[PDB]
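Chains as they are written, first to last, in the deposited numbering: chain 5, 575 to 605, 612 to 655; chain 2, 1 to 469; chain b, 2 to 65; chain j, 3 to 92; chain a, 25 to 50; chain J, 20 to 51, 58 to 197; chain 4, 6 to 486; chain C, 34 to 42, 58 to 72. Note that CB positions come from ideal geometry on N, CA and C, so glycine has one too.
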Amino acid sequence: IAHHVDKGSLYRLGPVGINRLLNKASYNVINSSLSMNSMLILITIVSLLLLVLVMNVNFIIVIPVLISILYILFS
Amino acid sequence: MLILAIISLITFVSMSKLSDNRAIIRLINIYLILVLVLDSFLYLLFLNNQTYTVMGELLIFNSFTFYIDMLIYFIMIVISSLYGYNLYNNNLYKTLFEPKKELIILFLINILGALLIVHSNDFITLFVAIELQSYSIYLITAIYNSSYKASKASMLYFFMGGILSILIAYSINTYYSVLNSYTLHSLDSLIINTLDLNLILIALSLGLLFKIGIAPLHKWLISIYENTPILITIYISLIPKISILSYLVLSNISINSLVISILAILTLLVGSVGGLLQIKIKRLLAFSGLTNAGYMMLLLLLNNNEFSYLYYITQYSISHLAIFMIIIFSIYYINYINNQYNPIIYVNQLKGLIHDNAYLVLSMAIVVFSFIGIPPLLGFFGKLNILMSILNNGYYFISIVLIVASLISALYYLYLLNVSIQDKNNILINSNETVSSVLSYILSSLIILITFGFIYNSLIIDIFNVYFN
Amino acid sequence: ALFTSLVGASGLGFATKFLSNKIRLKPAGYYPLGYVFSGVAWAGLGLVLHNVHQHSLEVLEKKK
Amino acid sequence: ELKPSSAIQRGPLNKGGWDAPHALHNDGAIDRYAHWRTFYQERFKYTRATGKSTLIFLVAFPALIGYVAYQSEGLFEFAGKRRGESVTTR
Amino acid sequence: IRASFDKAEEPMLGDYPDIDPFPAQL
Amino acid sequence: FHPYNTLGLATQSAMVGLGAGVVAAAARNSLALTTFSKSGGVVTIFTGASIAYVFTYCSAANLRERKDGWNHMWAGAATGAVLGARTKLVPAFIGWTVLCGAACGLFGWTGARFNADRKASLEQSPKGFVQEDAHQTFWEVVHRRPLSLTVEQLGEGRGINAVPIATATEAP
Amino acid sequence: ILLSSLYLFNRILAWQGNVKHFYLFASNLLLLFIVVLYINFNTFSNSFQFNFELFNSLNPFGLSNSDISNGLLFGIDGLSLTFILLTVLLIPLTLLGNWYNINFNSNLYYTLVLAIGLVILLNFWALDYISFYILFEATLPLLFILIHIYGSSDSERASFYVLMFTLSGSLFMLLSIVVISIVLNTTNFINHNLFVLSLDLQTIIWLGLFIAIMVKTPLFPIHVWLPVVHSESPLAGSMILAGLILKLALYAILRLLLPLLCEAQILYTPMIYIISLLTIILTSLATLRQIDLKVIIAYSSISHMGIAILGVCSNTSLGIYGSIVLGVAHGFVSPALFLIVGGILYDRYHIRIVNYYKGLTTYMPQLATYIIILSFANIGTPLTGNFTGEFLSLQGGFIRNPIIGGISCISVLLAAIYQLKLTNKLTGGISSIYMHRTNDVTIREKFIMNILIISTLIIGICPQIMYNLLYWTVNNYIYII
Amino acid sequence: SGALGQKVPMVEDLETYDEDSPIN
Ligand SMILES: CCCCCCCCCCC(CCCCCCCCCC)(CO[C@H]1O[C@@H](CO)[C@H](O[C@@H]2O[C@@H](CO)[C@H](O)[C@@H](O)[C@@H]2O)[C@@H](O)[C@@H]1O)CO[C@H]1O[C@@H](CO)[C@H](O[C@@H]2O[C@@H](CO)[C@H](O)[C@@H](O)[C@@H]2O)[C@@H](O)[C@H]1O
Ligand SMILES: CCCCC/C=C/C/C=C\CCCCCCCC(=O)O[C@H](COC(=O)CCCCCCCCCCCCCCC)COP(=O)([O-])OCC[N+](C)(C)C
Ligand SMILES: CCCCCCCCCCCCCCCCCC(=O)OC[C@H](COP(=O)(O)OCCN)OC(=O)CCCCCCCCCCCCCCCCC
């Protein structure tokens with residue numbers, strides 16, 4: 575108990591696991613000052629248009645796409 | 001008064017020598033103070049929520065815009081004091097903080113642009129004010145042309161602002177093509193039911209919001225904030241946010257918007273998570289600004305958001321000014337000046353500050369715990385009002401996400417205090433030097449406001465009930 | 002009570018002056034005339050707020 | 003050319019106080035054992051044994067107690083129950 | 025080393041001596 | 020409850036995921058025929074997440090004949106299983122499964138929407154104290170509720186009885 | 006008065022240089038004042054008595070007599086009075102226990118300590134949700150600073166834990182409080198049992214409130230922050246945290262949760278019993294394999310709080326009275342054990358590893374007697390308040406659910422195991438070779454420990470002496486049709 | 034250590065080289 579649960583699993587769903595998760599996610603979001617940003621703005625515009633088209637079609641279908649997008653950006 | 005100031009100042013700055021910059025800026029500081037105190041009584045016009053359309057239905061005047069206007073003057077007063085007064089009288093600080101010749105005129109013109117954005121009743125006025133603010137803020141970014149990073153920053157800013165301005169102009173013109181009108185006042189419940197304006201209005205909102213840097217288009221603004229002179233960053237990170245957000249709140253064109261909901265969620269997550277791995281002070285503060293802009297974006301999804309938004313924007317302005325001023329003061333105790341535009345850069349450079357100046361760290365603690373939202377500091381009540389609004393309107397998942405984002409951002413807020421209350425080996429023994437009285441008094445006033453504002457909460461709500469109902 | 006509001010606002014002014022002295026690495030009573038000045042100014046602001054609030058209450062009651 | 007003000011005089015941070023005689027004879031082996039036990043969470047990994055204890059205590063035991071506690075809610079009433087009477091309500 | 029519970033801990037040590045435990049009573 | 024057409028909705032989701040992965044691959048290329062070579066499998070990420078989420082959601086909703094957050098919990102579990110298979114480690118697979126399932130279950134519990142359901146929200150609902158004998162709606166409050174409602178909702182026992190004790194045990 | 010007293014404070018500071026005498030005097034005056042209040046407190050009434058309001062719009066800086074109440078409400082009944090008396094008893098001892106071991110920035114340290122004590126004392130006076138929450142969070146900055154500056158080696162991680170875990174719970178508490186505010190448009194505790202929310206809304210609000218209670222009590226499985234924060238806190242932080250801040254949780258249940266969400270509480274009670282049985286059994290077992298003194302003492306508190314919770318949600322008068330008495334007895338005993346491990350042994354040897362300690366009886370017989378007495382008190386010897394609390398709590402829990410309470414009766418055994426296993430090694434054997442002889446417990450340490458021992462003994466032999474304040478409370482919250 | 038305890042002294061966030069440094 576004291577090791578595997580308390581200093582194991584409870585710390586995983588606690589300070590240590592959260593620390594690792596935040597380290598990875600933060601590294602990914604930080605990971612040609614112009615050309616790149618311009619590509620970003622086009623990609624945002626087109627992605628938003630297509631996402632809203634999907635939402636008009638069926639909102640349930642867009643949830644996995646949003647999940648995958650967040651997986652790209654953070655992971 | 002603002003136009004008269006701009007005109008006179010152009011004349012004087014033309015006819016004055018480079019050594020008179022600080023005296024001129026002190027002159028304008030006092031002038032703005034005088035206007036704020038002598039012309040404040042015009043609030044009385046707005047009793048019972050009386051609205052006035054002015055200039056042939058181009059400008060709109062109500063209690064809300066009057067308050068935003070006063071707040072913008074207060075911010076300009078504080079910001080101009082940093083340039084009009086020397087922290088210390090040594091050579092180093094003459095090199096560190098010297099005001100450019102035209103800086104004050106640019107500041108006043110950008111303020112005028114912001115006020116015209118706030119009051120805009122018609123799209124032509126909105127676009128002209130947006131372009132006025134955008135141009136002045138480009139130039140403010142670029143006025144310190146000895147800095148490589150500042151010039152690179154101004155160019156990136158020019159291009160991103162130009163693209164967003166074209167998106168905005170396109171949205172305005174599509175609205176014209178569908179309705180043959182340039183005013184939102186022409187819109188009604190019947191019209192919104194009859195026609196699908198959602199696409200146009202959301203494009204306009206997004207074009208405005210990407211200019212203050214909401215995700216996923218944040219990084220260019222954080223880079224600009226990082227690469228500008230510190231006393232420039234104190235300004236350019238604040239005024240555009242206030243003007244654009246206030247306009248959007250007043251207009252209410254994205255109520256229950258699914259796209260704004262998703263983007264506000266994303267902005268909260270990116271602002272909270274992305275600021276964790278930061279080591280530079282100003283990038284940490286810019287991600288702070290991103291998270292707080294998310295908190296304010298949430299208020300664009302609902303009606304009757306005036307109280308929560310005003311309270312939040314005021315307390316945020318005060319906290320933001322105060323934290324920048326504290327970082328500025330802590331410069332005197334660093335042992336390494338990185339360069340003449342950004343003297344302190346890394347969070348770890350504050351290490352052991354409590355041993356050099358205990359009360360500076362006290363003020364730092366107070367402002368940080370306001371940002372986290374510890375009662376009874378102002379930050380707590382700001383978040384409380386926001387939660388009240390969004391839960392009253394059924395944004396349950398967004399409320400859960402807001403909780404989580406405040407938790408996450410507390411980590412890199414406390415990073416500052418953590419390194420600040422650690423211990424440094426070489427501890428100040430003595431010094432003859434005195435920090436300037438005026439800026440220390442201003443910093444103290446901001447700190448005392450953050451600490452003891454809550455005693456006036458019930459009085460404030462009583463006033464609000466008669467000027468905004 | 003107006004007197005209590007003035008005392009409180011003056012207390013805020015005294016707090017601001019004290020914090021300003023300490024932030025300058027100076028003794029608490031470094032320039033005692035500044036305490037009077039800041040107390041007077043913050044009492045003025047408190048008085049302004051009090052008058053505005055009283056007027057607001059008057060207006061709310063008059064619509065009855 | 004950018005250097006802090008010459009006006010500043012910096013001395014050592016001394017913490018003061020009376021250096022007491024050192025009344026404990028530290029044992030390096032005990033200290034290392036203590037450090038390993040104290041920061042065991044930094045090195046925990048999911049294996050068959052560790053996963054087994056996790057799934058027992060965090061899942062199986064709570065499920066057992068939950069079944070008991072929701073199955074037996076309101077079941078018993080004992081106060082002054084007499085002969086022949088049911089101590090069970092359902 | 026000898027007992028199952030000590031063996032369970034072997035992945036969880038990094039750079040700590042894997043000691044064979046002997047009952048101090050024996 | 021009338022069924023979701025699991026097969027069709029899953030097919031449309033496959034199409035949407037494939038297109039989205041294509042767009043992400045094109046972007047990825049532009050930001051860095059090699060686009061799919063240097064894709065990092067993002068097309069597969071999108072396609073698998075889409076199929077898993079939609080198929081599991083419709084499957085669970087049809088089987089339970091209910092529409093609520095639990096279906097989203099299952100669907101998030103499946104999506105996390107897909108995303109955590111990429112780690113090729115059992116602990117990480119289990120962690121992705123359970124945590125993505127929990128996050129999506131929370132999402133489905135709050136309404137499975139990012140914006141609000143305006144008509145159900147408090148601002149657009151009957152609130153305050155109810156009138157004479159009206160039925161309680163979600164946001165309304167009273168001073169006394171009907172004892173039959175208590176007995177039905179909470180259930181008999183543990184001090185919950187149809188009649189107050191003192192009244193029931195009164196002698197005549 | 007305030008102006009003059011401020012002048013007195015300033016002059017004492019300028020001349021003496023160490024505020025700590027002034028703070029001790031002040032806290033003693035506060036204790037005397039609360040006792041005067043108890044004298045003048047009417048016990049034949051279930052109404053809040055010493056009411057006052059702050060930050061009302063008509064008088065922001067004074068007390069309000071207006072016909073509209075938009076400020077923050079304060080007042081006390083018997084339940085608040087009990088914990089207030091406990092608080093004012095504990096504060097001067099908290100100041101005194103660090104009278105000599107703080108030799109740097111000492112004025113700041115004592116200021117933080119006294120401020121935290123005053124914040125908790127005021128928190129017990131709060132009469133509405135918003136002020137309760139305000140004073141409930143106001144400690145976290147002070148605890149963070151105190152632990153970070155005056156803590157042991159691992160104090161940075163301790164400070165971050167104590168801030169983050171409590172914020173995490175408090176924000177869900179804030180969600181529940183915001184829902185109540187916007188649904189009722191009222192926040193007070195005076196008449197909040199008069200509002201009968203729909204069962205579904207009750208079930209939803211209860212979740213946020215109980216998440217806050219889980220983090221703050223703590224309860225399994227989110228208790229892991231407490232052992233850290235305790236072990237690296239300085240002595241005053243540990244004593245305050247163990248003796249008052251945990252009881253804030255129990256007071257939170259009784260004041261905020263039970264009167265408002267009665268039916269939802271009835272629905273959720275078996276889940277509470279699951280969580281409490283978990284915390285008791287599992288934390289008591291985990292205590293067996295700890296090697297740090299302060300960590301073991303910290304783990305004891307969690308189990309005793311689990312028994313307290315089992316008592317307080319039992320829906321019986323005996324259960325609630327037992328929970329209160331157990332809270333008070335724990336506030337007496339746990340600070341004493343923390344005094345021992347973190348102020349006597351730690352200040353003499355500056356180590357907390359258990360292996361170093363052995364056979365302390367030979368050189369320090371008095372300290373050994375104190376350890377024996379306090380440990381038998383902690384495990385629940387009768388004629389100690391701890392036994393009365395655990396016994397009454399277990400009665401209530403057994404009535405509410407016979408199986409769960411019957412199993413919970415194993416806490417007596419488990420507590421005996423860990424505590425006596427510790428004290429066995431500490432007191433006996435041959436004096437340790439690793440440490441040298443030091444002084445026995447001094448007059449100050451003995452004074453503090455005697456205060457705590459006599460308090461727990463007094464309420465242990467005649468627990469009835471608390472009833473005059475609590476006989477309304479034991480009926481104010483039970484929900485029987 | 035950083036706000037997550039990570040090591041602290058390329059992406060612009062962690063880039064340390066300073067084109068505005070007086071020695072460059
Ligand atoms: C502390 C932990 C926080 C986590 C828990 C928060 C989650 C809240 C869930 C509870 C709740 C909001 C309550 C908010 C209260 C305060 C918020 C608390 C703080 C916010 C953080 C969300 O209820 C959602 O539950 C989801 C299922 O899980 C549904 O998912 C979706 O299901 C499918 C679509 O039909 C789709 O397939 C898909 O879109 C999803 O699958 C949603 O449709 C549904 O809105 C319930 O709200 C609603 O409840 C109903 C009847 O209850 C009320 O109307 C009632 O009408 C009669 C009967 O109808 C009654 O006779 C009448 O009396 C009453 O008028 C409403 O007025 C409204 O109020
Ligand atoms: C002698 C003239 C000097 C006046 C100069 C004013 C400068 C403004 C500069 C900065 C804004 C700083 C704080 C603004 C206060 C809000 C006033 C108000 O009551 O807000 C209401 C509207 O409430 C709201 O929406 C919410 C406002 C959010 C405030 C957040 C901070 C609260 C804590 C501040 C405590 C005040 C410090 C007093 C210390 C003794 C507008 O009131 P109103 O439009 O009727 O104008 C007031 C009459 N007046 C023109 C004569 C002054
Ligand atoms: C920073 C955290 C957030 C801060 C939020 C709140 C800050 C409040 C600041 C402390 C001020 C509260 C204490 C003083 C208020 C009470 C003064 C008083 O006069 O009591 C009123 C009450 C009724 O008196 P009355 O109606 O006038 O009739 C008298 C008949 N002879 O008379 C009575 O019944 C006596 C009441 C006794 C009250 C005991 C209070 C215990 C602690 C006192 C000092 C606490 C200071 C806290 C400092 C840390 C900040 C929390």
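Residue burial classification, residue i (beta-carbon count within 10 angstroms, cutoff 16)
i	result
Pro65 (chain 4)	buried
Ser330 (chain 2)	buried
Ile277 (chain 4)	buried
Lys94 (chain 2)	exposed
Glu142 (chain 4)	buried
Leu50 (chain J)	exposed
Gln11 (chain j)	exposed
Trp20 (chain 4)	exposed
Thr72 (chain J)	buried
Closer than 8 Å to chain j by CB, residue i
i	result
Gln422 (chain 2)	no
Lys581 (chain 5)	yes
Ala48 (chain a)	no
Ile575 (chain 5)	yes
Same chain only: Cβ atoms within 7 Å of residue i, ignoring 5 sequence neighbours per side
i	result
residue 125 (chain b)	A question about residue 125 (chain b) goes unanswered here, because the residues of chain b that appear run from 2 up to 65.
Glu306 (chain 2)	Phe64, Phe468
Interface flag, residue i vs chain 2, CB-CB below 8 Å
i	result
residue 2 (chain j)	Lying before the first or after the last residue shown, residue 2 (chain j) is absent from chain j, which here runs from 3 to 92.
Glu142 (chain 4)	yes
Proximal residues to residue i (C-beta, below 6 Å), its chain only, five neighbours per side dropped
i	result
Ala153 (chain 2)	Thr141, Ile224, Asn227, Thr228
CB contact check: residue i to chain 5, cutoff 8 Å
i	result
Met297 (chain 2)	no
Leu50 (chain J)	yes
Nearest-angstrom beta carbon gap, residue j and residue i [assumed within contact, 8 Å]
i	j	result
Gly332 (chain 4)	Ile245 (chain 4)	With 8 Å as the limit, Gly332 (chain 4) and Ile245 (chain 4) do not qualify as a contact, their Cβ atoms being about 15 Å apart.
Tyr73 (chain 2)	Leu36 (chain 2)	5 Å
Beta-carbon proximity list for residue i, same chain, < 8 Å, skipping 5 on both sides
i	result
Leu387 (chain 2)	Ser399, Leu402
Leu71 (chain 2)	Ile242, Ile313, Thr314, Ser317
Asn145 (chain 2)	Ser151
Within-8 Å CB hit, residue i to chain C
i	result
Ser151 (chain 2)	no
C-beta neighbour in chain 4 for residue i, strict 8 Å
i	result
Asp21 (chain j)	no
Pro589 (chain 5)	yes
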